[PDB]
Structures are given as structure tokens and as C-alpha cells.
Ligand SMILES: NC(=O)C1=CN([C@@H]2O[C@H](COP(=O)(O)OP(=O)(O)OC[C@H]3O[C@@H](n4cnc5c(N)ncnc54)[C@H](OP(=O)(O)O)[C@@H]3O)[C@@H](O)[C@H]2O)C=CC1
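One chain is shown next in C-alpha cells, namely the form solved without the ligand.
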């Protein structure tokens, strides 16, 4: 009964998932575009095998999928992976949202007799388990969920947050930045509300959680489907979003107004030219001198105060965009900036990760009374270089590994395209995560 799994992905989360599975006697073949990449994320790990595989090659994917009992997709390609799993009749586990194309394969998945478990990372994943656990507790008590809010963020521990964005990139900064262009839809005062663009960041206000942290919160993706998903018809306000630290909204805006986020390719950004010229050109400065560039930046951009302005300007200088530092030529203002962002804002040795996840429920009790309850999870990662897991890697990778084990042993047996949307699936998942890994959200009241 030695089960084997095909793991797709050459990223952050792969390790914890790999460790947990192999530690359980489950064999895992790690597939990346490159053999090196796979060799890396698998060196020294028992029961693992690295290979080069082109996931977009339908014929090649099917051949490899058939050799295992389940395929794990931690990569970007989801429907394609599911279609192969359907042809080969193997199960699937992903940490991504169920998209329209994935749901479209629901019936075909059921006919092939396979389970496609999605949204079982940190968020989506752990957040679903505890949001639903609490909602059902409330409802069981005859209470009403009038407002449901959920915010989550993978950030630098405060200790190591001293950079312009109070943020450290693990994945492409280009992706993070462009994502801020996406529209967010949610329920407010009982009505569907849409927000995007500067407006999104202009709405990112301070959001209290614990005294020691200074978070700001904003809507992310589509929250409207949850009135149905979490069965909270009585909810007037439903919002799922992300957490950032104070100052993030403001530095992002300046980068925008300065035009550094332009996707446009410039002929003058093809060679390693000093940062000075780049910015002076991108900004429209009379010269490459700090004075001029800075005077153009401020005179055109609006700030909250002289101090914020002073701070944001020093932040820009800190990036090195006003220096003799040659650029990492990428043709795009955004791309070029991102290269430097990557270099200047990464987690370094000894630094720690931080995950904050908090659901908030304003409740109207059976007795007519009211109360506000929270369900929170706050965890720090192990220092870089210590060999331990970052908080993000652990909280995404372990839930995924647990789901994989449950689909393989039958604990999760529903066929089709699924998400952790009910106690039949969620209870076993929460019990294993908490009892075996100490992973859980704790409840508390306020109001």
C-alpha cells in the first residue's frame, strides 16, 4: 500500500509538504521544469525523487501522473493539471481557489471517481476551517452573523520590518505590485460593493488586532460568494482581505504617482544605467540630482504631513533610486524597480517571518444582546538559515500535506472539485492540524 505522489512546484511551500509526506512513508517525486530545481528541493530527503517535467505538455503530464496515486499542484496550470488527473483517474490536491474552469470539471471528476481537494493552504485553507467552525457554533446557539470580516497577511516580523513598505518579498514583487490593481468585491450595508485602484489603497485604514502591531487592512478578491459559501444570509457586511503594516498604503501610492509602476518599456532602460538617470527620466526631473528629482517627486505628490513626506523620501533614497548604483536593466520601470526591490527587500539570515490571520464576527445573540468575537492565529517563522520553517511555508505546506494524507487514506472521500466548506471535511482537518502540529485559531470575545 506504499502510496506515491507527484508534487508540482519549485517553491517556498514545497519543503514542509515534502517533509511531512516522506516522514509518513509516502514516496514523492518532485517535478520542476528543471532537474536542478527539483534536485534542490529534494536533496537528502528520504523517499523523494526529482525529475524535469513540462506540465504544459499534455502527453508528458499524463504519463507521469499515471505513475502516482495523487498529484499535488503548488505551482501557478490548475485546470490543465486537473484534466490530466481526470484522464488518468488520479486524485488532486491544490492550495488554490476553485476557479470557474476548475468547477467546470466537477462532473467529469466525479465520473472518473477522483477527489480534487483545493483551497487547503493557509488562506484559502486554515481560514475557511475556523470561519466555518465559529459560524456554526454561533448558529447552533441561535445567533446571527451580522458582520463577518477576515484578514490575513504574510509579513516580516516587526523586528525586521524597517523598510519603506514594512514588507519582504518571498515571491515576485512584480506579482504583488500588479495584484494591487485587482478589483475587490464584498458586502457592505447589505449591498455588493466594488473597490479597486488608488481607491483600494486609499481605503486601507489602521486595523486593530493586538496592541503591539500596527496593521492596516483592505479588501482582497471576491468576498460576495461567501454569503452562500459560509451560509450567512443574515450578514450585512462580508469582507475577506489582507493585512499590511502602517505606511504600506502611502509608499505604494507615491510609487504610483511617480510612475514607477508603469508597464511601458522604455528604450533608455535597456542598459545598466545609474539609478539617477533612470528615476530622473521616469519621474520627469530637470536633472539627476537629488534636489531636482526630489523636488519633482514632492511638488507633484501629496502627503499626510511634512514628516511623512520626509520619511517617504528617505525611503525612496534607501531604495537607492537616487544613487550612482547601476540598475539591473529590465526595460520596464516596474520590472527594473522590482529587481532592486527583490534585492533590497528579501528575508535575510536570522530574520523571522510573521503570519497574522484574524476572523471577526459581530453577533446578535439569541437573547437579543450583541457581541463581537474573533478567531485568531499569529505565528512567527524560524530564523532564515536556521533550517526551520517560515510561518508562511508551515501554514500553507502542512495543511496541504494533511489533506493529501486524508485523500490517500479515505478520510476525505467526496469525489469532484472540493474546498474545505463543511464539517465533514473540516473537522478531521482541524483535529490533525491542532493535535499533531499545534496549528489552530483561538477564539475570544469583545464588545
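The term rigid core refers to the maximal set of C-alpha atoms that superpose within 1.5 Å between the two forms. Residue numbers count along the first chain shown, from 1.
Heads up, the form deposited with the ligand bound isn't pictured, but that's what we're talking about next.
Novice: If I take 3+ ligand atoms inside 2.4 Å of backbone or C-beta atoms as the clash criterion, is the pocket here open or blocked once the ligand is superimposed from its pose in the deposited complex?
Specialist: Blocked pocket: the modelled ligand, placed by site superposition, has 3 or more atoms clashing at the 2.4 Å cut-off.
Novice: Could you tell me which of 64-72, 414-422, 378-386, 392-400 sits within 4.5 Å of the ligand in the deposited complex, going by non-hydrogen atoms?
Specialist: This holds for exactly one stretch, 392-400.
Novice: Can any non-hydrogen atom of residue 46 be found within 4.5 angstroms of the ligand in the deposited complex?
Specialist: No.
Novice: How about residue 409: is it within 4.5 Å of the ligand in the deposited complex, going by heavy atoms?
Specialist: No, residue 409 sits far enough from the ligand in the deposited complex that none of its heavy atoms falls within 4.5 Å.
Novice: Evaluate residue 331 for contact with the ligand in the deposited complex, applying a 4.5 angstroms cut-off between non-hydrogen atoms, and reply yes or no.
Specialist: No.
Novice: Does any part of residue 12 reach within 4.5 Å of the ligand in the deposited complex? Heavy atoms only, please.
Specialist: Output for residue 12 is yes: heavy atoms within 4.5 Å of the ligand.
Novice: For the spot marked by 198, 255 and 309, is every residue within 4.5 Å of the ligand in the deposited complex through some heavy atom?
Specialist: No: no residue has a heavy atom within 4.5 Å of the partner.
Novice: Heavy atom within 4.5 Å of the ligand in the deposited complex: which of 171, 268, 210, 318 fits that? Just give me the one.
Specialist: Of the listed residues, the single hit is 171.
Novice: Identify, from the list 84, 134, 358, 95, the residue with a heavy atom within 4.5 Å of the ligand in the deposited complex.
Specialist: Checking each option against the ligand in the deposited complex, the one that comes within 4.5 Å is 95.
Novice: Scan 276, 229, 87, 110 for the one whose CA shifts by 2 Å or more between this form and the one not shown after superposing the rigid core, and name it.
Specialist: Result of the comparison: 276.
Novice: After the core is overlaid between this form and the one not shown, has the C-alpha of residue 365 moved by 2 angstroms or more?
Specialist: No; residue 365 is a residue whose C-alpha shifts by less than 2 Å between this form and the one not shown when the cores are overlaid.
Novice: Once both forms sit on the same rigid core, is the C-alpha displacement of residue 142 at or above 2 Å between this form and the one not shown?
Specialist: No, the C-alpha moves less than 2 Å.
Novice: Using the rigid core as the reference frame, would you say residue 169 shifts its C-alpha by 2 Å or more between this form and the one not shown?
Specialist: Yes.
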